[PDB]
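As C-alpha cells, the structure follows; a few thoughts come after it.
Laboratory data are not the source of any read-out in this text; all were calculated from the coordinates shown. Cβ placement follows ideal geometry from the backbone for every residue including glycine, while neighbour counts extend to all protein chains displayed.
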Amino acid sequence: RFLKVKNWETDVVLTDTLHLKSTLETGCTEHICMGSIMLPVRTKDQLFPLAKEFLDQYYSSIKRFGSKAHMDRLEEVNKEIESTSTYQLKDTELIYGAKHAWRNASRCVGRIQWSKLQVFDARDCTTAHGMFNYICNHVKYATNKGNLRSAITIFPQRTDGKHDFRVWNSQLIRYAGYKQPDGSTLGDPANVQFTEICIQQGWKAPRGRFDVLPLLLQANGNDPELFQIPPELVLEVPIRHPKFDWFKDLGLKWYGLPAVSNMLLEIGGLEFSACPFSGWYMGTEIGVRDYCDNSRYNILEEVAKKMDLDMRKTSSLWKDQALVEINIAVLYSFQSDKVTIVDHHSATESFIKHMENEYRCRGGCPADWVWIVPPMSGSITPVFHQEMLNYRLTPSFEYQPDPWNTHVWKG
Amino acid sequence: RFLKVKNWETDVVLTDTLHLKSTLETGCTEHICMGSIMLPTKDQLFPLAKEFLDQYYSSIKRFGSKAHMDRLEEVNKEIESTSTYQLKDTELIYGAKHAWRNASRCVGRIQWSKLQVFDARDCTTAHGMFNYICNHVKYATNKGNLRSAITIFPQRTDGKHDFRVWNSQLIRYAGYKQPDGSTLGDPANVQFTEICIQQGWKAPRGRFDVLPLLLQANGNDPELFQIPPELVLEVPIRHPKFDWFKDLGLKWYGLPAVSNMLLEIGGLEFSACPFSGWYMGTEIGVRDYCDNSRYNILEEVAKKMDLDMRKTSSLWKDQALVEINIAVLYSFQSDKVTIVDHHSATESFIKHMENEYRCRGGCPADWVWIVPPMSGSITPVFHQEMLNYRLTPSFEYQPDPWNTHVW
Ligand code: HEM
Ligand code: HEM
Ligand SMILES: C[C@H](O)[C@H](O)[C@H]1CNc2nc(N)[nH]c(=O)c2N1
Ligand SMILES: C[C@H](O)[C@H](O)[C@H]1CNc2nc(N)[nH]c(=O)c2N1
Ligand SMILES: C[S@@](=O)CC(=N)NCCC[C@H](N)C(=O)O
Ligand SMILES: C[S@@](=O)CC(=N)NCCC[C@H](N)C(=O)O
Ligand SMILES: [Zn+2]
C-alpha cells in the first residue's frame, strides 16, 4: 500500500512507502486522533526478533544483506542472547543505531543533520564519577568554543531494570527554579521539582535567576550523585537587542548548548536509559517558549512595558509585537557572539528539503506536524503548508519516567 | 478508554466520554497518524435517521416518549415509501446548530447555539437561490454588526438534482492569470474566475473584484448573478501608525460565508448550505494577505517599513506580519465591523471546551486547525491537548461541482 502527502503551497505530492516498516503504535485509532497528545524488564522471548530486524537493517544499509558476515552476526547474537539473555552491539552497529534514532525522530525539525553525529561510546562506564567525566568531555567537544557539533554519549544499556544508568537532569545544562513563599518563582519554573531534589541531595543553591544546575548522575542503579560542571565549560550568551539598548538591562542570558538527557535510546531491542544528546538551538526554542511561555520565564509583560505598547487591549497585538523583538534579540546575541543558532525560517526550509530527499531515497520521512511547525509565525514557514505522516520507526528515542518516581533508594 | 486531555500551561485535566459516540472514521490508524492531512439507500438511511432522532429527543428531554417513538415510526414509514424523509423545522434547526457544534476545526464554536437558520427548502430556481442569498447576506452583515447565519437549500434526492453554490464563499475576490506569468487579485480563485468568464462575466480585472454568484438549482446548468454592491460590506485597510499603509490599496470584505460545504443531518444531505459568522483577524492578515500562494504582500510591506531583508534572521517577515495584522484589526474596529483577534478567539475557545466537557462530556477539536497561524504558543490553545473525532450532524467537504456536472 502507498500513501500520498501534498504541500498546499507548491502542490508537490510525495509518496510514502516507509510507513509500511512501522510496527509501534501511534496512539490513534480509526475513530479518534490523538495527534496533539503530548505523550500517548524485557525478556529473551521478544529480544531476538527485535535484534534480527535491526541487524537486517544495518546490513542492508552497508550493502551486505545476506552475506556471511551478516549471517554469522545473527548467529552470534542469537547464541549470546540465549546464554546471557541480552547482547552487545558492535561499535559500528551502535553508531548506526544512534544516527537512525535521530533520523526517525518525528518531532525533530533539525534532522537534515542526522548523518553528522559524533557518537561517544560510554558503555565501559561504571560509576557516577565516570559519568561526570564522559559528560564533561561531551560538553567541551559539542560546544567547540561556540561552533557547535552534534554529539551523543551512550552509557551502558539496561539489564534487569534494577541497575539503570540515568541522568536525572532533563538537559545537561539548565537553569534552577525556586518556588518562593509568596508563590512567585525565581529562575526557571520548569525546573523547580528537580531543583528541590538537588537541594535535598546537598546542592548549595546560589538562588539567582540563572543558576546552572548541578549534574545528578545515577550509575548502575545506585543512588545518584551531585557534580558541578566546570563553569569554563558552560558557554552562555547575554541577551541584547540590536536597536533597543534597554534590552540588555532586562538581565537575560541563555546557555548555548541544548543537550537532552532524559530520553531512552532503543536499538535492536536494547534500551539505553542514559544517552545525553546535543545539537544546537532554533531561535524560537528560547525566544518564544523558554522566555515567553506563561509557565516559563514569562517576560512578555516586562518587555512590552519598556517598548511602551498599548497593553490594555489584546487586539493591539502587543504580545505579538514584543515576541518578535525578543526573538530578534536572541538571534542577534548568539550570532554576534559566534554561537551556533538557526532561525525558524532557515530551519523549516532545510527540513522541507530534507524531507523531500528522504521520500526519494528512503520512501518516506515520519514527521509530527504539531511539533515541526514553529511556535510563532507558523504559516509563513513552509512546514505549515506541508502534509506529514507520523509513525514510529526503530531505532528511536523514547520518553521515560523521571527517575525519582521509580528509583529504589539505597541510603 | 474514557480519555483525558491536559492543558500544559494550566494543568487542567478534562475527561472525555463523548468520543465513544463517534460515528465516522478519522483516517488515522494504530500505525499512522494523519492529523495534518487536509482531506482524509434505504437500508443505509434508517439507522442514520434513528440515531439523529434519538439525539434530538434526548436533547429536548423526551427520550423514549410517545412523541419520540411516534416520530421514529413516522419517519420509518416515510423512508419505506418515499426512499427518503423530511425534517421538521425544529429538527432542521437543531441539526444545523449541532453540525457547527461538531465542527472540530472551528475555533468560534462558543457561539454555536446562536445561529440564525434560514429554511430555503422551498426553493426551486437559481433566481430563487439568488434571492435567498441576498437576504442571507443582508441579515448576516447587519450594517457591520455581524450575526451568524445559515441558509439551507433542498436536500439531495438522486444526486442528479443537487442544489449547489459554485463559489467557495458567497463573497470572494477574482483571480486572473497575467501575461507575465504572475497573478492579479486572488490566486486561490483563478480557476473559478475563469469559469465565470467562461460563462459570460465581464471582469473589470482589478485586484479586488467581487466575484459573481454561480448558482445551481435542481441539477440544472448554473447561472451567474451579481450581488448588490450595497450588500457587500468592505473594509479599507489602514495602519494606526504607518500613514503609508493606506497607499498599499488593500481592502477586504467583512462577511466570510462558506458556501461549498455539505451539511449532513440524519443521513440527509444538504449540498447547498452557505453559512457565515465573522472573521478572526489572522485569516485575513496572516493567511489571505501573507500566504505565498495568495496575495503574498510581505515583501512589499517590509520594503515600506525599510527592514533588513538581506537575511532571514532579522525576522523582517515576522515584524511585517505583526504590523499587517495590527492594521486589519484596527481597520475593522475603526469601521465598526465585527472581527475577533486570535488571542480573544482562542481564549473563548478554551472556555467553550470547558463548557462542552462539563455539559456534554467532550469537544472534538483539531489542534492543527485551532492553533492560529501566527504567535501559536502565546495563545492558550497551543498548550491544550485536543481529541479529534467525527460526530454527526456535520459539515463535510464535497467535490467542486465543475468536476462532476453534466451540461
Ligand atoms: C542540530 C540541530 C538540531 C535542531 C535545530 C533541532 C531542533 C529540534 C526542535 C526545535 C525540537 C522541538 C524541541 C522542543 O520544542 O522542545 C526537537 C526535538 C527533538 N530532537 Fe532535534 N534538533 C537538533 C538536533 C538533534 C539531535 C542531535 C538529536 C539526537 C541525536 C535530536 C533529536 C530530537 C528528538 C528525539 C526530539 C523530540 C523531543 C521531545 O519529544 O521532547 N535533535 N529538535
Ligand atoms: C462566528 C464566528 C466564527 C469564527 C470566529 C470562526 C472561526 C473559524 C476559523 C478561524 C476556522 C479555520 C478556517 C480557516 O482557517 O480557513 C473555521 C473553520 C470552520 N468553521 Fe468556524 N467560525 C465562526 C463561525 C462559524 C459558523 C457560523 C459555522 C457554521 C454554521 C462555522 C463552521 C466552520 C466549519 C465547518 C469549519 C471548517 C472549515 C474547513 O474544514 O475548511 N464557523 N472557523
Ligand atoms: C498540547 C500540545 O501537543 C503541546 O503544547 C505541544 C504542541 N507542539 C509543540 N511543539 C514543540 N516543538 N514543542 C512543544 O513542546 C510542543 N508542545
Ligand atoms: C498541511 C496542513 O494540514 C495545512 O496547511 C493546514 C494546517 N492548518 C490549518 N489551519 C487552519 N485554520 N486553516 C488551514 O487552512 C490550515 N491548513
Ligand atoms: C538536543 S537539542 O540540540 C535539540 C534541540 N534543538 N532542542 C531540544 C530541546 C531544547 C529545549 N526546547 C530548550 O528550549 O531548551
Ligand atoms: C463561515 S465563516 O464565519 C468561518 C470563518 N471565520 N472563516 C472560515 C473561512 C474564511 C477564510 N479562512 C478566509 O479567510 O476567507
Ligand atoms: Zn492521528
**Report entry** Residue among B:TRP278, B:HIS161, A:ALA51 farthest towards the positive dipole end of the protein assembly as shown, charges placed on Cβ
**Finding:** B:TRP278
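Highest mean first, what order results for A:312-319, A:377-384, B:174-181 on Cβ atoms within 10 Å?
Values: A:312-319: 18.4, A:377-384: 23.2, B:174-181: 13.4.
Peptide ranking by packing, descending: A:377-384, A:312-319, B:174-181.
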Query raised in the report: Taking the simple approach of a point 7 Å from Cα along Cα-to-Cβ for both A:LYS52 and A:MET307, what is their distance in nm?
Result: 6.0
Report summary line: Zone reached by a paramagnetic label modelled 7 Å from A:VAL192 Cα along Cα→Cβ, restricted to region A:266-308 with backbone N below 20 Å, covers A:289-302
Query raised in the report: For chain B, with only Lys/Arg (+1) and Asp/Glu (-1) charged at the beta-carbon, what is the dipole magnitude about the Cα centre, in debye rounded to 20?
Result: 680
Report task. Enumerate the calculated ³J(HN,Hα) couplings along region B:220-227 in order (Karplus 6.51 cos²θ - 1.76 cosθ + 1.60, θ = phi - 60°), each rounded to whole Hz, writing x wherever the residue is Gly or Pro. Result -> 5, 4, x, 10, 7, 9, 9, 5
Report summary line: Between B:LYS251 and A:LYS116, the FRET efficiency computed from the C-beta separation at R0 = 51 Å comes out, to the nearest 0.05, as 0.55
Query raised in the report: Over what distance in Å are the Cα centres of region A:105-147 and region B:35-52 separated?
Result: 52
Report task. Assign unit charges at the C-beta atoms only (+1 for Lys and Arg, -1 for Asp and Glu), then state the dipole size of region B:100-194 relative to its Cα centre in Debye, rounded to the nearest 20. Result -> 480
Report task. For B:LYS241 and B:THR41, calculate 0.36 nm times their separation in residues minus their Cα-Cα distance, and state this gained length in nm to one decimal. Result -> 66.0 nm
Query raised in the report: Of A:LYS243/A:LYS305; A:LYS52/A:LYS162; A:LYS243/B:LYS317; B:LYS241/B:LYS303, which pairs sit farther than 19 Å apart, going by alpha carbon to alpha carbon?
Result: A:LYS52/A:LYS162
Query raised in the report: Taking each residue of B:308-316 in turn, how many C-beta atoms of other protein chains fall within 10 Å of its C-beta, and what is the average?
Result: 6
Report task. Compute the distance in nm between two label points, each set 7 Å from the Cα along the Cα-to-Cβ direction, one at B:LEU72 and one at A:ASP160. Result -> 6.1
Query raised in the report: How far is it, in nm, from the label point at A:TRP409 to the one at A:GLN201 when both lie 7 Å from their Cα along the line to the Cβ?
Result: 1.3
Requested in this report: Go ahead and run the numbers for FRET between B:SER293 and B:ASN218, Cβ-Cβ distance against an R0 of 30 Å, rounding to 0.05.
Outcome: 0.30
Query - Dipole magnitude (debye, nearest 20) for region B:259-407, charges at Cβ of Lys, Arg, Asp, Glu - result: 180
Query raised in the report: For B:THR15 and A:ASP337, what does the FRET efficiency come to when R0 = 60 Å and r is the distance between their Cβ atoms, rounded to the nearest 0.05?
Result: 0.80
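Counting only other chains, what is the mean number of Cβ atoms within 10 angstrom of the Cβ of each residue in peptide B:364-370?
Counting Cβ atoms of other protein chains within 10 Å of each residue's Cβ and averaging gives 3.
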Requested in this report: Check cross-link reach from A:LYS140 to the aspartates and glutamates: straight Cα distance under 15 Å, and skip same-chain residues fewer than eight apart.
Outcome: A:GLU232, A:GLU236
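If you filter region B:54-148 for chymotrypsin sites (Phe, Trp or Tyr not before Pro), then keep DSSP loop positions with at most 16 other Cβ within 10 Å, what is left?
Values: sites: B:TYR56, B:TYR57, B:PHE63, B:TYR85, B:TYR94, B:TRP100, B:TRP112, B:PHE118, B:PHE130, B:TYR132, B:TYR139; in loops: B:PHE63, B:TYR85, B:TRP112.
The qualifying sites are B:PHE63.
For the protein assembly as shown, what does the helix formula give at 222 nm: sum of -39500 (n - 2.57) over DSSP H segments with n ≥ 4, over the residue count, nearest 500 deg cm²/dmol? Please report the intermediate quantities before stating the final value.
Values: 18 runs with 244 residues, N = 818.
Value at 222 nm, helices only, nearest 500: -9500 deg cm²/dmol.
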